[PDB]
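Report on one structure; see the data block that follows.
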Amino acid sequence: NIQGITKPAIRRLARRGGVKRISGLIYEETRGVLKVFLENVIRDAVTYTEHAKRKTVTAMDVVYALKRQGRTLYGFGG
Amino acid sequence: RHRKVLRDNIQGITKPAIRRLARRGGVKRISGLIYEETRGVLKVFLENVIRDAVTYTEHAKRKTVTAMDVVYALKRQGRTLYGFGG
Amino acid sequence: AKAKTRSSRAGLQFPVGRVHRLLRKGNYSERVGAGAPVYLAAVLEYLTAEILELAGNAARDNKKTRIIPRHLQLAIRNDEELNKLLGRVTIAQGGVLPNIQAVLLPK
Amino acid sequence: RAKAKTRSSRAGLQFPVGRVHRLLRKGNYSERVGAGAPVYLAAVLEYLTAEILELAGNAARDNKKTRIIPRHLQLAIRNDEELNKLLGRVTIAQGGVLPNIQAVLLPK
Amino acid sequence: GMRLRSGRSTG
Amino acid sequence: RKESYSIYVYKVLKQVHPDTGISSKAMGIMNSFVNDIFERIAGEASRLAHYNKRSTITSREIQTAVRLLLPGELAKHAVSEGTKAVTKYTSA
Amino acid sequence: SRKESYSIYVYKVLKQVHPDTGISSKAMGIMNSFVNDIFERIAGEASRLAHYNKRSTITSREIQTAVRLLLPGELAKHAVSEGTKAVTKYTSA
Amino acid sequence: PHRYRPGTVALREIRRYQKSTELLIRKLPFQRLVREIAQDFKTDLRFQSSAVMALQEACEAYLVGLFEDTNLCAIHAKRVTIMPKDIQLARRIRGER
Amino acid sequence: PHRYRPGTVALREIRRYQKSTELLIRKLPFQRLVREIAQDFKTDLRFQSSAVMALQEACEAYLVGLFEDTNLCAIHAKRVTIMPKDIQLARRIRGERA
DNA sequence: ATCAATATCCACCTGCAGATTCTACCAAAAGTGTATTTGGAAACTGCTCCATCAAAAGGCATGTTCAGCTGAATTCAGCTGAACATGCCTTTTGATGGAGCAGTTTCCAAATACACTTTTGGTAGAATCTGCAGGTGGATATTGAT
DNA sequence: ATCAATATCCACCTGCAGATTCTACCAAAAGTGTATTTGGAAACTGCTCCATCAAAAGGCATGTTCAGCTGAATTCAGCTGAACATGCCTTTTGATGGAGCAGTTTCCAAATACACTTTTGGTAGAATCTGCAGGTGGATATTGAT
Ligand SMILES: [Cl-]
Ligand SMILES: [Cl-]
Ligand SMILES: [Cl-]
Ligand SMILES: [Cl-]
Ligand SMILES: [Mn+2]
Ligand SMILES: [Mn+2]
Ligand SMILES: [Mn+2]
Ligand SMILES: [Mn+2]
Ligand SMILES: [Mn+2]
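Listed in order, the protein sequences are those of chains B, F, G, C, K, H, D, A and E.
Heads up: the first sequence begins at 25 in the entry's author numbering, then just goes up one per residue.
Heads up: the second sequence begins at 17 in the entry's author numbering, then just goes up one per residue.
Heads up: the third sequence begins at 12 in the entry's author numbering, then just goes up one per residue.
Heads up: the fourth sequence begins at 11 in the entry's author numbering, then just goes up one per residue.
Heads up: the fifth sequence begins at 5 in the entry's author numbering, then just goes up one per residue.
Heads up: the sixth sequence begins at 33 in the entry's author numbering, then just goes up one per residue.
Heads up: the seventh sequence begins at 32 in the entry's author numbering, then just goes up one per residue.
Heads up: the eighth sequence begins at 38 in the entry's author numbering, then just goes up one per residue.
Heads up: the ninth sequence begins at 38 in the entry's author numbering, then just goes up one per residue.
Right, dumping it as structure tokens:
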């Protein structure tokens, strides 16, 4: 499902990042990095979900996960 | 009695010392502008670590900066140091 | 005798009692001093005030009367000290500060 | 009365279970502490100590040495992917660095 | 009330 | 049943900008903010108490924490509003 | 006065894994820092888990989840083994 | 038939997306990816909609910061085009590698 | 009169200082520096010798990691010489600076 | 720099649905009044650890010279990646239903917190061993000149 | 393709600073006997989550053309490396005085622990507004051609 993160999508993200010109090899690289990011955050999230003996991943699980990874997110619980 | 006034001691961090640090860091060739850069960066680093350390010293109502004070400072700044207690 | 909320006697908007509770409940120390939740509520109110002020300003500049996350992002990142305090935080729906590297520009 | 057998002995650990239990209470991590938590945790600290010490002893052996100095702990940590991640933001005093020279710097 | 860096004061 | 800081954030918003309002997402941001800073101050103070083998977190700890956690002017005004809140409270 | 440390225990483990090898006071200092740093990480993380789930008590289950979050990969697997085997061995007196 | 010179629209886009805050990845694809990933960790999970949005905000914000750094690494090398090389150097300086 | 080509001794040194662990800044100068800074924060402080040595280990380890990153930035720019430009890019990406 | 001629934006105006703001009430916190512990501050003072200082010496820092070769500037072409027009489909979205669950209560056995009361294991020095750091010297490789 | 001039490597040696071993008090486990919670183990809600269903719209994938940029190749000035002479100051090793920790006591002012008594803060309906989302039309920018 990773190829779902399309080339125009990635190009928009780079645009927000102030980027003018983009090598064609960038897109697989980015999908790679994104995939690793998601793996680490979601793995921690699910660990929170399982420890709680729950079957539903909550916003709070995600938020703790992010905080752990030093990616503190505001806006989805404290 | 009291001691000779301390001044301009950042210049104590000489050019050869900075070059050794770079060699350990794997650097082969060094721009001549590097030495002042490094002294700048070194100075900010020490100021921040020491500011915190001294803050712990003061909070403990003490007149001596301890290794633990330093180590706590390092930890705060996310530069955790092993080997001096803690 | 009558009730006077500790916040009121401390001349604050932020809830002192609650902050004291969170201090006990949070297992930060065996005991909690009488002034510590006062001091802490004060600081929390202050920081809140500063952020709301600057974000409000940003709301006015983008001619809106309601502060949305974007105005908070503009307020945080355009202020050096708030930006350092919140250097590793993501404000949902914040966007980014507009910035184009000079070298990328035409001509 | 019965004779005393240290909790460390009953879990068959070297690390001081009583001591880890005390440090758990004293640090206010929680209102109460289950009986198995200091046992599990000590088990973990002992395991990890064991791993660092295996690799570091190796490095002492490789460098002709029979006594581990901080350098050997450093070589041991920085040459193992997982220890290096676990201690990615830690400084080992007197550690030195891994000898590593970028290729491009080498003569051509 | 409270004094902000900008000079403004709270209620 | 689920408590928050929306009430107080909103009051302060009115002190500072009576003519300004705030969206729900944004209120969420502000609420996150208050818990993030609460936890930092509180934790640092906790470490301070333990390093000095003290069993109690007093306003002195909060203050030292603040001096460590907040930068520059934010620190100065924080400590100001802090001590003056404790003083005013101390009186009546 | 008395300074507690883990030297006794590190040294025991050093003798199990490397009987012919000794360790310097500097190195022991490094190790003792190590045990204390990891102790605090595990314990802290665990403390957060107890609080997240409104529980007032840290059990070996919290230490374990804590380990899974803090330690990487193989180190986690082996850690959880040593742990579980200590709790089971301990429980049966 | 009129035609902008290469780079003009790129810049115009930069000024555009830096000015907004909406998420830039199509939702369903991302949601699908997230569920895929989660399945490797534990089976038959359910996700709060909020949780997925949390993951998306987090993730886009991350990648955008990463591109800012990547872009600086392109500029450093007297280039204007970002290449895997620049992402790799960025991530190694950050300590992500 | 024998003479190593420029760069050869540099490499000799990298191997040398990479194989050891002794501190590379002189102790006394450094101590003097730490007292200066500290004194500007608070007067009439005293320092455990341990504290000072901690500071030096911390500091030297930091600068060395920073030169490693700096070096990668020089390499990245198809150079072999590190310049302020590079330290700046290292410190900016690491997040040490705006 | 102008002159046109595409396209891009930007303001001014306007109506309105989805949120925001505001009301109307109740449990759960927060505040009181009393009764207990309790910490950590005050007051000595025992004593390591720190600040200074002295002196001798050689390890190292400075400054200078000189030339190798690295950085930067120029040139230039092959080809990668941007802009654009087209056309197909995957995403959006908008309910609708239903049921899998997270969230609540209400008991209980199990598990933990206490309060004392002996029993060791750990720590702090002295009493002993012993790696190994520096110091040589011979053999080997490396490096740079002819 | 070789030869001096160095640096590196490596085994042995030796005295010693820094481990290791050995003992004796004592704080901290450990063992027992009551006093409390704690958090499931079952028994049930309301509710968000998943699963279809089913159109339309932009959003994405393709393919074409070429602008301009990235990479390579060359040149040269001038910077930074290597090596040397000079001589300064850091390093070492010991001594002393004393400041300020840190260890022990002694004791109020401060905080905890109940048990009531009040007030607020949160929820869910009731009563409003701010942008958004569109619509021209007015300047703005971009690009190609004289
Ligand atoms: Cl207090
Ligand atoms: Cl347990
Ligand atoms: Cl690349
Ligand atoms: Cl530069
Ligand atoms: Mn000064
Ligand atoms: Mn007491
Ligand atoms: Mn040797
Ligand atoms: Mn009310
Ligand atoms: Mn609009």
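Where is the CB? At the ideal position from N, CA and C, for every residue including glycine.
Could you list which residues in chain C have their beta carbon closer than 7 Å to that of residue i, in chain order?
i: residue 58(F); result: Under the 7 Å cutoff, chain C gives no residues; its nearest Cβ is about 16 Å from residue 58(F).
Let me know the secondary structure DSSP gives residue i once reduced to three states.
i: residue 28(F); result: helix
i: residue 62(E); result: coil
i: residue 60(D); result: helix
i: residue 91(H); result: helix
i: residue 87(A); result: helix
i: residue 40(H); result: helix
i: residue 23(F); result: coil
i: residue 35(B); result: helix
i: residue 71(G); result: helix
i: residue 16(G); result: coil
i: residue 33(C); result: helix
i: residue 117(E); result: coil
i: residue 53(D); result: strand
i: residue 43(F); result: coil
i: residue 102(D); result: coil
Given that residue i touches chain K, what residues does it touch there, using C-beta distances under 8 Å?
i: residue 44(H); result: 14
i: residue 113(H); result: 6, 7
Quick test of your reading: residue i and residue j, contact by CB under 8 Å. State the CB separation rounded to the nearest angstrom.
i: residue 66(A); j: residue 28(B); result: 3 Å
i: residue 65(H); j: residue 62(G); result: 7 Å
i: residue 90(H); j: residue 46(G); result: 7 Å
i: residue 94(H); j: residue 69(H); result: Not a contact, Cβ separation roughly 12 Å.
i: residue 26(F); j: residue 70(E); result: 6 Å
List, in chain order, every chain F residue whose beta-carbon is nearer than 7 Å to that of residue i.
i: residue 85(D); result: Within 7 Å Cβ-Cβ: nothing; residue 85(D) doesn't reach chain F, min ~29 Å.
i: residue 107(C); result: 40
i: residue 110(C); result: 42
Which chain B residues sit within Cβ distance under 7 Å of residue i?
i: residue 100(D); result: 68, 71, 92
i: residue 101(G); result: 95, 96, 97, 98
i: residue 80(D); result: 75
Give me the chain H residues within the contact set of residue i, using Cβ-Cβ distance strictly less than 8 Å, ordered along the chain.
i: residue 5(K); result: 47
Which residues in chain D have a C-beta closer than 8 Å to the C-beta of residue i? List them in chain order.
i: residue 20(C); result: 120, 121, 124
i: residue 17(C); result: 121
Using a cut-off of 9 Å between C-beta atoms, extract the partners of residue i located in chain A.
i: residue 124(E); result: Ordered by position in chain A, no residue passes the 9 Å Cβ test against residue 124(E), which lies about 12 Å from the chain.
Give the interface partners of residue i over in chain B, defined as CB-CB distance under 9 Å, in chain order.
i: residue 57(H); result: 99
i: residue 64(H); result: 87, 96, 97, 98, 99, 100, 101, 102
Show which residues of chain A have a CB atom less than 8 Å away from the CB atom of residue i.
i: residue 79(B); result: 81, 82, 83
i: residue 96(E); result: Near residue 96(E) there are no residues of chain A at all, since even the closest Cβ is about 19 Å away, more than 8 Å.
How would you list, in chain order, the residues of chain G whose beta-carbon sits under 7 Å from the beta-carbon of residue i?
i: residue 96(H); result: The premise fails here: residue 96(H) is roughly 11 Å from chain G at the closest Cβ pair, so nothing lies under 7 Å.
Since residue i meets chain F, which of its residues come closer than 9 Å, beta carbon to beta carbon?
i: residue 60(D); result: 98, 99, 100, 101
Residues of chain H with a CB under 9 Å from the CB of residue i: which are they?
i: residue 28(G); result: None at all; the shortest Cβ gap to chain H is about 12 Å.
Kindly list, in the order they appear in chain D, the residues whose Cβ is closer than 7 Å to that of residue i.
i: residue 80(C); result: 57, 58, 61
Three or more C-beta pairs closer than 8 Å, one from the segment 115-122 of chain E and one from the segment 37-51 of chain G: is that the case here? No, they do not touch.
When the Cβ atoms of the segment 86-93 of chain F are set against those of the segment 50-58 of chain D, are three or more pairs found closer than 8 Å? Look at the beta carbons and you see the segment 86-93 of chain F not touching the segment 50-58 of chain D: under three pairs across the two are nearer than 8 Å.
With a cut-off of 8 Å, do at least 3 Cβ pairs link the segment 52-63 of chain B to the segment 58-78 of chain A? At 8 Å Cβ cutoff, the stretches touch.
What are the residues in the segment 35-59 of chain B lying within 7 Å of chain G by C-beta distance? Of all residues in the segment 35-59 of chain B, 40, 42, 44 have a Cβ within less than 7 Å of some Cβ in chain G.
Going along the chain, which residues of the segment 43-56 of chain A sit with their C-beta nearer than 9 Å to a C-beta in chain G? Of all residues in the segment 43-56 of chain A, 44, 45, 47, 48, 51, 52, 54, 55, 56 have a Cβ within less than 9 Å of some Cβ in chain G.
Give me the subset of the segment 31-43 of chain G whose CB atoms are less than 8 Å from a CB atom of chain H, sorted by chain position. Hits within the stretch, in order: 33, 34, 37, 39, 40, 41, 42, 43.
Determine, using beta-carbon pairs with one atom in the segment 43-51 of chain B and one in the segment 83-93 of chain A, whether at least three such pairs fall under 8 Å. Flag = no, the segment 43-51 of chain B and the segment 83-93 of chain A do not touch.
Contact between the segment 49-56 of chain C and the segment 64-72 of chain C is defined here as three or more beta-carbon pairs at a separation below 8 Å; is this criterion met? Taking one beta carbon from each stretch, the segment 49-56 of chain C and the segment 64-72 of chain C have fewer than 3 pairs nearer than 8 Å; the two do not touch.
Can you find at least 3 beta carbon pairs, one from the segment 55-62 of chain E and one from the segment 104-115 of chain C, that sit closer than 8 Å? A contact exists between the segment 55-62 of chain E and the segment 104-115 of chain C.
Is it true that the segment 101-108 of chain A meets the segment 127-134 of chain A, where meeting means three or more beta-carbon pairs spaced less than 8 Å apart? With the cut-off at 8 Å, the segment 101-108 of chain A and the segment 127-134 of chain A touch.
Measuring CB atoms only, is the segment 77-87 of chain D touching the segment 11-20 of chain C, in the sense that at least three cross pairs come out at less than 8 Å? No contact exists between the segment 77-87 of chain D and the segment 11-20 of chain C.
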